[PDB]
>>> print(open('start_33.cif').read())   # mmCIF, C-alpha atoms and all ligand atoms; chains and numbers go by the auth columns
data_entry
loop_
_atom_site.group_PDB
_atom_site.id
_atom_site.type_symbol
_atom_site.label_atom_id
_atom_site.label_comp_id
_atom_site.label_asym_id
_atom_site.label_seq_id
_atom_site.Cartn_x
_atom_site.Cartn_y
_atom_site.Cartn_z
_atom_site.B_iso_or_equiv
_atom_site.auth_seq_id
_atom_site.auth_asym_id
ATOM 1 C CA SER A 1 103.058 169.080 -2.810 0.00 1 A
ATOM 2 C CA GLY A 2 104.216 170.797 -6.027 0.00 2 A
ATOM 3 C CA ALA A 3 105.218 170.281 -9.651 0.00 3 A
ATOM 4 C CA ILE A 4 107.329 171.802 -12.483 0.00 4 A
ATOM 5 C CA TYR A 5 105.424 172.561 -15.720 0.00 5 A
ATOM 6 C CA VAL A 6 107.739 172.844 -18.728 0.00 6 A
ATOM 7 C CA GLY A 7 106.593 172.485 -22.328 0.00 7 A
ATOM 8 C CA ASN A 8 104.110 169.596 -22.479 0.00 8 A
ATOM 9 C CA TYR A 9 105.561 167.916 -19.351 0.00 9 A
ATOM 10 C CA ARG A 10 104.686 167.894 -15.645 0.00 10 A
ATOM 11 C CA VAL A 11 107.536 166.909 -13.248 0.00 11 A
ATOM 12 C CA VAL A 12 106.487 165.620 -9.801 0.00 12 A
ATOM 13 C CA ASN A 13 107.895 163.566 -6.897 0.00 13 A
ATOM 14 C CA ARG A 14 107.342 159.899 -7.923 0.00 14 A
ATOM 15 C CA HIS A 15 105.901 159.104 -4.449 0.00 15 A
ATOM 16 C CA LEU A 16 103.228 161.839 -4.852 0.00 16 A
ATOM 17 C CA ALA A 17 102.267 161.045 -8.493 0.00 17 A
ATOM 18 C CA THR A 18 98.473 160.752 -9.102 0.00 18 A
ATOM 19 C CA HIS A 19 96.448 158.159 -11.127 0.00 19 A
ATOM 20 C CA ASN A 20 96.426 160.742 -13.998 0.00 20 A
ATOM 21 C CA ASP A 21 100.258 161.144 -13.886 0.00 21 A
ATOM 22 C CA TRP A 22 100.634 157.332 -14.228 0.00 22 A
ATOM 23 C CA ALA A 23 98.016 157.187 -17.059 0.00 23 A
ATOM 24 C CA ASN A 24 100.019 159.832 -18.984 0.00 24 A
ATOM 25 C CA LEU A 25 103.504 158.521 -18.008 0.00 25 A
ATOM 26 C CA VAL A 26 106.541 159.711 -20.040 0.00 26 A
ATOM 27 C CA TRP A 27 109.383 158.576 -17.696 0.00 27 A
ATOM 28 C CA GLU A 28 109.897 157.630 -14.039 0.00 28 A
ATOM 29 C CA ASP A 29 112.878 156.623 -11.887 0.00 29 A
ATOM 30 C CA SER A 30 112.301 155.212 -8.383 0.00 30 A
ATOM 31 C CA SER A 31 116.025 155.742 -7.550 0.00 31 A
ATOM 32 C CA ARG A 32 115.623 159.528 -8.170 0.00 32 A
ATOM 33 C CA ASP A 33 112.038 159.928 -6.686 0.00 33 A
ATOM 34 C CA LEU A 34 111.003 161.521 -10.047 0.00 34 A
ATOM 35 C CA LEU A 35 108.105 161.042 -12.458 0.00 35 A
ATOM 36 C CA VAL A 36 107.278 163.001 -15.592 0.00 36 A
ATOM 37 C CA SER A 37 103.830 162.928 -17.238 0.00 37 A
ATOM 38 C CA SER A 38 102.443 164.621 -20.401 0.00 38 A
ATOM 39 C CA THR A 39 100.097 167.654 -20.370 0.00 39 A
ATOM 40 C CA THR A 40 97.705 169.189 -22.920 0.00 40 A
ATOM 41 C CA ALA A 41 98.501 172.813 -21.906 0.00 41 A
ATOM 42 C CA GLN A 42 101.908 174.530 -22.327 0.00 42 A
ATOM 43 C CA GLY A 43 103.737 174.954 -19.001 0.00 43 A
ATOM 44 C CA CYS A 44 104.804 178.047 -17.017 0.00 44 A
ATOM 45 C CA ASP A 45 108.469 177.057 -16.071 0.00 45 A
ATOM 46 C CA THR A 46 112.051 177.137 -17.622 0.00 46 A
ATOM 47 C CA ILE A 47 114.917 174.661 -16.543 0.00 47 A
ATOM 48 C CA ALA A 48 118.404 175.771 -15.440 0.00 48 A
ATOM 49 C CA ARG A 49 121.349 174.239 -17.412 0.00 49 A
ATOM 50 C CA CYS A 50 124.202 175.203 -15.090 0.00 50 A
ATOM 51 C CA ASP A 51 126.419 174.117 -12.182 0.00 51 A
ATOM 52 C CA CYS A 52 125.057 176.535 -9.494 0.00 52 A
ATOM 53 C CA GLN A 53 125.376 175.302 -5.927 0.00 53 A
ATOM 54 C CA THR A 54 123.390 178.245 -4.386 0.00 54 A
ATOM 55 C CA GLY A 55 119.713 179.064 -4.946 0.00 55 A
ATOM 56 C CA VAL A 56 116.363 179.731 -3.247 0.00 56 A
ATOM 57 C CA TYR A 57 113.662 177.133 -2.459 0.00 57 A
ATOM 58 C CA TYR A 58 110.007 177.338 -1.447 0.00 58 A
ATOM 59 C CA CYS A 59 109.120 175.796 1.949 0.00 59 A
ATOM 60 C CA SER A 60 105.334 175.215 2.175 0.00 60 A
ATOM 61 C CA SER A 61 105.448 174.423 5.931 0.00 61 A
ATOM 62 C CA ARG A 62 106.679 177.979 6.584 0.00 62 A
ATOM 63 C CA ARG A 63 104.915 179.671 3.553 0.00 63 A
ATOM 64 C CA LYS A 64 108.337 181.221 2.724 0.00 64 A
ATOM 65 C CA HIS A 65 111.376 181.059 0.444 0.00 65 A
ATOM 66 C CA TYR A 66 114.847 180.366 1.899 0.00 66 A
ATOM 67 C CA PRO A 67 118.304 180.860 0.322 0.00 67 A
ATOM 68 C CA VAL A 68 120.508 177.704 0.463 0.00 68 A
ATOM 69 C CA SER A 69 123.967 176.299 -0.420 0.00 69 A
ATOM 70 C CA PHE A 70 123.556 172.732 -1.701 0.00 70 A
ATOM 71 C CA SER A 71 125.827 169.796 -2.546 0.00 71 A
ATOM 72 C CA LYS A 72 126.383 168.543 -6.141 0.00 72 A
ATOM 73 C CA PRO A 73 123.944 165.780 -7.261 0.00 73 A
ATOM 74 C CA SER A 74 125.046 162.519 -5.667 0.00 74 A
ATOM 75 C CA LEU A 75 124.065 159.020 -4.385 0.00 75 A
ATOM 76 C CA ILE A 76 122.849 159.450 -0.781 0.00 76 A
ATOM 77 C CA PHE A 77 121.446 156.925 1.681 0.00 77 A
ATOM 78 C CA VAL A 78 117.761 157.579 2.501 0.00 78 A
ATOM 79 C CA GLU A 79 116.067 155.766 5.419 0.00 79 A
ATOM 80 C CA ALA A 80 112.974 153.565 4.877 0.00 80 A
ATOM 81 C CA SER A 81 109.668 155.444 4.727 0.00 81 A
ATOM 82 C CA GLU A 82 106.045 154.491 4.017 0.00 82 A
ATOM 83 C CA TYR A 83 106.892 155.189 0.305 0.00 83 A
ATOM 84 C CA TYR A 84 110.220 153.385 -0.213 0.00 84 A
ATOM 85 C CA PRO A 85 112.448 150.766 1.372 0.00 85 A
ATOM 86 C CA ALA A 86 115.836 151.913 2.798 0.00 86 A
ATOM 87 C CA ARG A 87 117.979 152.657 -0.304 0.00 87 A
ATOM 88 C CA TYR A 88 120.419 155.027 -2.057 0.00 88 A
ATOM 89 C CA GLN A 89 118.631 157.847 -3.867 0.00 89 A
ATOM 90 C CA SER A 90 120.641 159.180 -6.873 0.00 90 A
ATOM 91 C CA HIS A 91 120.934 162.751 -8.287 0.00 91 A
ATOM 92 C CA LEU A 92 120.134 164.145 -4.771 0.00 92 A
ATOM 93 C CA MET A 93 121.530 167.511 -3.465 0.00 93 A
ATOM 94 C CA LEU A 94 121.520 168.269 0.305 0.00 94 A
ATOM 95 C CA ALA A 95 121.366 171.605 2.072 0.00 95 A
ATOM 96 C CA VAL A 96 120.873 172.841 5.627 0.00 96 A
ATOM 97 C CA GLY A 97 117.277 174.039 5.905 0.00 97 A
ATOM 98 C CA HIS A 98 113.731 173.235 7.071 0.00 98 A
ATOM 99 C CA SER A 99 111.758 170.411 5.409 0.00 99 A
ATOM 100 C CA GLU A 100 108.879 168.487 6.988 0.00 100 A
ATOM 101 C CA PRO A 101 106.174 166.086 5.687 0.00 101 A
ATOM 102 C CA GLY A 102 104.266 168.018 3.009 0.00 102 A
ATOM 103 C CA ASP A 103 107.232 170.077 1.782 0.00 103 A
ATOM 104 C CA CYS A 104 108.087 167.685 -1.124 0.00 104 A
ATOM 105 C CA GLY A 105 107.498 169.322 -4.484 0.00 105 A
ATOM 106 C CA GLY A 106 108.720 172.792 -3.462 0.00 106 A
ATOM 107 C CA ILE A 107 110.874 174.266 -6.239 0.00 107 A
ATOM 108 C CA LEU A 108 114.582 175.142 -5.898 0.00 108 A
ATOM 109 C CA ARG A 109 115.682 177.877 -8.377 0.00 109 A
ATOM 110 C CA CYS A 110 118.886 179.734 -9.211 0.00 110 A
ATOM 111 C CA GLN A 111 119.302 182.813 -11.510 0.00 111 A
ATOM 112 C CA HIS A 112 119.153 180.420 -14.568 0.00 112 A
ATOM 113 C CA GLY A 113 115.826 178.750 -13.796 0.00 113 A
ATOM 114 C CA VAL A 114 114.477 175.659 -12.051 0.00 114 A
ATOM 115 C CA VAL A 115 117.152 173.403 -10.548 0.00 115 A
ATOM 116 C CA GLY A 116 115.050 170.730 -8.792 0.00 116 A
ATOM 117 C CA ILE A 117 112.322 169.864 -6.272 0.00 117 A
ATOM 118 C CA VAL A 118 112.270 169.033 -2.532 0.00 118 A
ATOM 119 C CA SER A 119 112.425 165.250 -2.132 0.00 119 A
ATOM 120 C CA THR A 120 113.855 164.500 1.382 0.00 120 A
ATOM 121 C CA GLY A 121 113.967 166.175 4.842 0.00 121 A
ATOM 122 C CA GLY A 122 114.315 165.953 8.628 0.00 122 A
ATOM 123 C CA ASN A 123 117.268 166.633 10.984 0.00 123 A
ATOM 124 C CA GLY A 124 117.546 170.286 9.880 0.00 124 A
ATOM 125 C CA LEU A 125 118.406 169.130 6.316 0.00 125 A
ATOM 126 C CA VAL A 126 116.540 169.418 3.022 0.00 126 A
ATOM 127 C CA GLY A 127 117.250 167.239 -0.027 0.00 127 A
ATOM 128 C CA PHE A 128 116.419 168.178 -3.633 0.00 128 A
ATOM 129 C CA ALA A 129 115.977 165.902 -6.641 0.00 129 A
ATOM 130 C CA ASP A 130 118.041 167.520 -9.474 0.00 130 A
ATOM 131 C CA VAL A 131 116.376 167.944 -12.913 0.00 131 A
ATOM 132 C CA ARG A 132 119.167 169.912 -14.744 0.00 132 A
ATOM 133 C CA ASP A 133 120.493 166.811 -16.503 0.00 133 A
ATOM 134 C CA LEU A 134 117.089 165.974 -18.145 0.00 134 A
ATOM 135 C CA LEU A 135 117.804 167.812 -21.394 0.00 135 A
ATOM 136 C CA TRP A 136 114.774 166.328 -23.187 0.00 136 A
ATOM 137 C CA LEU A 137 112.401 168.383 -20.914 0.00 137 A
ATOM 138 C CA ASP A 138 113.251 171.402 -23.206 0.00 138 A
ATOM 139 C CA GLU A 139 112.404 169.722 -26.511 0.00 139 A
HETATM 140 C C1 LIG B . 110.353 165.340 4.364 0.00 201 B
HETATM 141 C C2 LIG B . 110.323 164.564 5.680 0.00 201 B
HETATM 142 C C3 LIG B . 110.580 165.483 6.873 0.00 201 B
HETATM 143 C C4 LIG B . 110.511 164.742 8.219 0.00 201 B
HETATM 144 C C5 LIG B . 111.466 163.556 8.253 0.00 201 B
HETATM 145 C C6 LIG B . 111.284 162.650 7.021 0.00 201 B
HETATM 146 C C7 LIG B . 111.330 163.414 5.709 0.00 201 B
HETATM 147 O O1 LIG B . 110.875 162.481 4.686 0.00 201 B
HETATM 148 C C8 LIG B . 111.798 162.020 3.824 0.00 201 B
HETATM 149 O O2 LIG B . 112.956 162.368 3.799 0.00 201 B
HETATM 150 N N1 LIG B . 111.260 161.133 2.962 0.00 201 B
HETATM 151 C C9 LIG B . 109.895 160.593 3.085 0.00 201 B
HETATM 152 C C10 LIG B . 109.168 160.616 1.744 0.00 201 B
HETATM 153 C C11 LIG B . 110.016 159.938 0.664 0.00 201 B
HETATM 154 C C12 LIG B . 111.399 160.602 0.576 0.00 201 B
HETATM 155 C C13 LIG B . 112.279 159.940 -0.470 0.00 201 B
HETATM 156 N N2 LIG B . 112.674 160.718 -1.468 0.00 201 B
HETATM 157 O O3 LIG B . 112.652 158.770 -0.343 0.00 201 B
HETATM 158 C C14 LIG B . 112.090 160.498 1.936 0.00 201 B
HETATM 159 ZN ZN ZN B . 122.221 178.357 -12.187 0.00 202 B
#
>>> encode(input="start_33.cif", output="structure tokens", more="lines below")
Ligand SMILES: C[C@@H]1CCCC[C@H]1OC(=O)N1CCC[C@H](C(N)=O)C1
Ligand SMILES: [Zn+2]
Amino acid sequence: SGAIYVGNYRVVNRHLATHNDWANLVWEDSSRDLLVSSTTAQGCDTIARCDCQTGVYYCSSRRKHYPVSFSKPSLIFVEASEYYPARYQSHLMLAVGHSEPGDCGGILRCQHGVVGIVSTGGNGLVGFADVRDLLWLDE
């Protein structure tokens, strides 16, 4: 679990969104595993606007942060799960690292701010849904 709070927006994994996220929907994209909902309180986070390919992410299943090198956002095949059929997920960045069920929502950050959130795992890999291209989160 986990979310990004920026301005009057809450960014979560689409497959973990709650009834309240859907009742306050701003934007969602099943192909990216993202959903953004509106909040009444001002958020705690700032978004990176950069091309970093190294950063640090939080892994809840180990209660620790790990440094990673990750690929540029791309279209990657993701196997069928109880949340989605087998499909290509877009704007996804892979890295070698630990990720198990429950780790989705962990934040990946670089020196410029939040880069994205954990969205895929298994096989000694961790995949992150990029948010750096969503410029409207800042306004
Ligand atoms: C994080 C899990 C670790 C063990 C192996 C499976 C890993 O699950 C996943 O990669 N997904 C399940 C939830 C939905 C994700 C998505 N963005 O489509 C894909
Ligand atoms: Zn950066």
>>> residues_around(input="start_33.cif", residues="segment 43-55 of chain A", least_positions_apart="6", cutoff="10 Å", atoms="all atoms listed in the file", output="NGL selection string")
:A and (3-10 or 66-73 or 93 or 95 or 108-116 or 131-135 or 137-138)
>>> write_last_selection(input="start_33.cif", atoms="C-alpha atoms", output="PDB file, in the coordinates of the input")
ATOM      1  CA  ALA A   3     105.218 170.281  -9.651  1.00  0.00           C
ATOM      2  CA  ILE A   4     107.329 171.802 -12.483  1.00  0.00           C
ATOM      3  CA  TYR A   5     105.424 172.561 -15.720  1.00  0.00           C
ATOM      4  CA  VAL A   6     107.739 172.844 -18.728  1.00  0.00           C
ATOM      5  CA  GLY A   7     106.593 172.485 -22.328  1.00  0.00           C
ATOM      6  CA  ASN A   8     104.110 169.596 -22.479  1.00  0.00           C
ATOM      7  CA  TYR A   9     105.561 167.916 -19.351  1.00  0.00           C
ATOM      8  CA  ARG A  10     104.686 167.894 -15.645  1.00  0.00           C
ATOM      9  CA  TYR A  66     114.847 180.366   1.899  1.00  0.00           C
ATOM     10  CA  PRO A  67     118.304 180.860   0.322  1.00  0.00           C
ATOM     11  CA  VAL A  68     120.508 177.704   0.463  1.00  0.00           C
ATOM     12  CA  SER A  69     123.967 176.299  -0.420  1.00  0.00           C
ATOM     13  CA  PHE A  70     123.556 172.732  -1.701  1.00  0.00           C
ATOM     14  CA  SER A  71     125.827 169.796  -2.546  1.00  0.00           C
ATOM     15  CA  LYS A  72     126.383 168.543  -6.141  1.00  0.00           C
ATOM     16  CA  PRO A  73     123.944 165.780  -7.261  1.00  0.00           C
ATOM     17  CA  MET A  93     121.530 167.511  -3.465  1.00  0.00           C
ATOM     18  CA  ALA A  95     121.366 171.605   2.072  1.00  0.00           C
ATOM     19  CA  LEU A 108     114.582 175.142  -5.898  1.00  0.00           C
ATOM     20  CA  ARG A 109     115.682 177.877  -8.377  1.00  0.00           C
ATOM     21  CA  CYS A 110     118.886 179.734  -9.211  1.00  0.00           C
ATOM     22  CA  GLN A 111     119.302 182.813 -11.510  1.00  0.00           C
ATOM     23  CA  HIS A 112     119.153 180.420 -14.568  1.00  0.00           C
ATOM     24  CA  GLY A 113     115.826 178.750 -13.796  1.00  0.00           C
ATOM     25  CA  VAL A 114     114.477 175.659 -12.051  1.00  0.00           C
ATOM     26  CA  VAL A 115     117.152 173.403 -10.548  1.00  0.00           C
ATOM     27  CA  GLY A 116     115.050 170.730  -8.792  1.00  0.00           C
ATOM     28  CA  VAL A 131     116.376 167.944 -12.913  1.00  0.00           C
ATOM     29  CA  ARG A 132     119.167 169.912 -14.744  1.00  0.00           C
ATOM     30  CA  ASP A 133     120.493 166.811 -16.503  1.00  0.00           C
ATOM     31  CA  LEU A 134     117.089 165.974 -18.145  1.00  0.00           C
ATOM     32  CA  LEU A 135     117.804 167.812 -21.394  1.00  0.00           C
ATOM     33  CA  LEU A 137     112.401 168.383 -20.914  1.00  0.00           C
ATOM     34  CA  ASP A 138     113.251 171.402 -23.206  1.00  0.00           C
TER      35      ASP A 138
END
>>> closest_atom_pairs(input="start_33.cif", of="chain A", to="ligand LIG 201 (chain B)", cutoff="8 Å", atoms="all atoms listed in the file", output="JSON lines")
{"residue": "A:13", "atom": "CA", "partner": "B:LIG201", "partner_atom": "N2", "distance": 7.8}
{"residue": "A:15", "atom": "CA", "partner": "B:LIG201", "partner_atom": "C11", "distance": 6.6}
{"residue": "A:32", "atom": "CA", "partner": "B:LIG201", "partner_atom": "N2", "distance": 7.4}
{"residue": "A:33", "atom": "CA", "partner": "B:LIG201", "partner_atom": "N2", "distance": 5.3}
{"residue": "A:78", "atom": "CA", "partner": "B:LIG201", "partner_atom": "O3", "distance": 6.0}
{"residue": "A:79", "atom": "CA", "partner": "B:LIG201", "partner_atom": "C14", "distance": 7.1}
{"residue": "A:80", "atom": "CA", "partner": "B:LIG201", "partner_atom": "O3", "distance": 7.4}
{"residue": "A:81", "atom": "CA", "partner": "B:LIG201", "partner_atom": "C9", "distance": 5.4}
{"residue": "A:82", "atom": "CA", "partner": "B:LIG201", "partner_atom": "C10", "distance": 7.2}
{"residue": "A:83", "atom": "CA", "partner": "B:LIG201", "partner_atom": "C11", "distance": 5.7}
{"residue": "A:84", "atom": "CA", "partner": "B:LIG201", "partner_atom": "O3", "distance": 5.9}
{"residue": "A:89", "atom": "CA", "partner": "B:LIG201", "partner_atom": "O3", "distance": 7.0}
{"residue": "A:99", "atom": "CA", "partner": "B:LIG201", "partner_atom": "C3", "distance": 5.3}
{"residue": "A:100", "atom": "CA", "partner": "B:LIG201", "partner_atom": "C3", "distance": 3.5}
{"residue": "A:101", "atom": "CA", "partner": "B:LIG201", "partner_atom": "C2", "distance": 4.4}
{"residue": "A:102", "atom": "CA", "partner": "B:LIG201", "partner_atom": "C1", "distance": 6.8}
{"residue": "A:103", "atom": "CA", "partner": "B:LIG201", "partner_atom": "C1", "distance": 6.2}
{"residue": "A:104", "atom": "CA", "partner": "B:LIG201", "partner_atom": "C1", "distance": 6.4}
{"residue": "A:119", "atom": "CA", "partner": "B:LIG201", "partner_atom": "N2", "distance": 4.6}
{"residue": "A:120", "atom": "CA", "partner": "B:LIG201", "partner_atom": "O2", "distance": 3.3}
{"residue": "A:121", "atom": "CA", "partner": "B:LIG201", "partner_atom": "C1", "distance": 3.7}
{"residue": "A:122", "atom": "CA", "partner": "B:LIG201", "partner_atom": "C5", "distance": 3.7}
{"residue": "A:123", "atom": "CA", "partner": "B:LIG201", "partner_atom": "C5", "distance": 7.1}
{"residue": "A:126", "atom": "CA", "partner": "B:LIG201", "partner_atom": "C1", "distance": 7.5}
{"residue": "A:127", "atom": "CA", "partner": "B:LIG201", "partner_atom": "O2", "distance": 7.5}
>>> axis_aligned_box(input="start_33.cif", around="segment 20-36 of chain A", padding_each_side="4 Å", output="JSON")
{"center_x": 106.2, "center_y": 159.1, "center_z": -13.4, "size_x": 27.6, "size_y": 15.8, "size_z": 21.4}
>>> closest_residue(input="start_33.cif", among="A:105, A:21, A:35, A:130", to="ligand ZN 202 (chain B)", atoms="all atoms listed in the file")
A:130
>>> closest_residue(input="start_33.cif", among="A:58, A:129, A:63, A:96", to="residue 34 of chain A", atoms="only C-alpha atoms")
A:129
>>> atom_distance(input="start_33.cif", atom1="atom CA of residue 57 of chain A", atom2="atom CA of residue 74 of chain A")
18.8 Å
>>> residues_around(input="start_33.cif", residues="residue 37 of chain A", least_positions_apart="6", cutoff="9 Å", atoms="only C-alpha atoms", output="count of residues only")
14
>>> closest_residue(input="start_33.cif", among="A:136, A:56, A:62, A:106", to="ligand ZN 202 (chain B)", atoms="all atoms listed in the file")
A:56
>>> build_atoms(input="start_33.cif", residues="segment 99-117 of chain A", atoms="N, CA, C and O atoms", output="short mmCIF file (atom, residue, chain, number, x, y, z; two decimals), in the coordinates of the input")
data_model
loop_
_atom_site.label_atom_id
_atom_site.label_comp_id
_atom_site.auth_asym_id
_atom_site.auth_seq_id
_atom_site.Cartn_x
_atom_site.Cartn_y
_atom_site.Cartn_z
N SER A 99 112.52 171.24 6.34
CA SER A 99 111.76 170.41 5.41
C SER A 99 110.99 169.41 6.27
O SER A 99 111.61 168.63 6.99
N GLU A 100 109.66 169.45 6.23
CA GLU A 100 108.88 168.49 6.99
C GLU A 100 107.90 167.78 6.05
O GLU A 100 107.86 168.06 4.84
N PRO A 101 107.15 166.75 6.55
CA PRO A 101 106.17 166.09 5.69
C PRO A 101 105.21 167.12 5.10
O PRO A 101 104.65 167.94 5.85
N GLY A 102 105.08 167.09 3.78
CA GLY A 102 104.27 168.02 3.01
C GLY A 102 105.09 169.01 2.19
O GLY A 102 104.55 169.68 1.30
N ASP A 103 106.40 169.13 2.49
CA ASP A 103 107.23 170.08 1.78
C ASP A 103 107.73 169.56 0.42
O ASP A 103 108.24 170.34 -0.39
N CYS A 104 107.61 168.25 0.16
CA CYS A 104 108.09 167.68 -1.12
C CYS A 104 107.35 168.33 -2.28
O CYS A 104 106.15 168.58 -2.16
N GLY A 105 108.09 168.64 -3.34
CA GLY A 105 107.50 169.32 -4.48
C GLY A 105 107.83 170.80 -4.55
O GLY A 105 107.66 171.42 -5.60
N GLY A 106 108.30 171.38 -3.44
CA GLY A 106 108.72 172.79 -3.46
C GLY A 106 109.88 172.98 -4.43
O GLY A 106 110.80 172.15 -4.47
N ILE A 107 109.86 174.05 -5.22
CA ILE A 107 110.87 174.27 -6.24
C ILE A 107 112.12 174.97 -5.69
O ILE A 107 112.01 175.98 -4.94
N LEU A 108 113.29 174.50 -6.16
CA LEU A 108 114.58 175.14 -5.90
C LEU A 108 114.97 175.82 -7.23
O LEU A 108 114.95 175.18 -8.29
N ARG A 109 115.31 177.13 -7.18
CA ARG A 109 115.68 177.88 -8.38
C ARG A 109 116.99 178.62 -8.13
O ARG A 109 117.26 179.11 -7.02
N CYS A 110 117.71 178.85 -9.22
CA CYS A 110 118.89 179.73 -9.21
C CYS A 110 118.58 180.84 -10.26
O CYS A 110 117.47 180.87 -10.84
N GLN A 111 119.52 181.76 -10.53
CA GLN A 111 119.30 182.81 -11.51
C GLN A 111 119.04 182.26 -12.93
O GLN A 111 118.57 183.02 -13.79
N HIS A 112 119.34 180.97 -13.21
CA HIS A 112 119.15 180.42 -14.57
C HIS A 112 117.83 179.68 -14.79
O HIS A 112 117.48 179.35 -15.95
N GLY A 113 117.10 179.43 -13.71
CA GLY A 113 115.83 178.75 -13.80
C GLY A 113 115.65 177.68 -12.72
O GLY A 113 116.29 177.71 -11.67
N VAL A 114 114.77 176.72 -13.00
CA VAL A 114 114.48 175.66 -12.05
C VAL A 114 115.62 174.66 -11.99
O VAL A 114 116.03 174.14 -13.03
N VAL A 115 116.07 174.36 -10.78
CA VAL A 115 117.15 173.40 -10.55
C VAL A 115 116.60 172.02 -10.15
O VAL A 115 117.18 170.98 -10.50
N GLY A 116 115.59 172.01 -9.27
CA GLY A 116 115.05 170.73 -8.79
C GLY A 116 113.87 170.88 -7.85
O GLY A 116 113.34 171.98 -7.73
N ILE A 117 113.46 169.78 -7.20
CA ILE A 117 112.32 169.86 -6.27
C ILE A 117 112.65 169.19 -4.96
O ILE A 117 113.40 168.24 -4.94
#
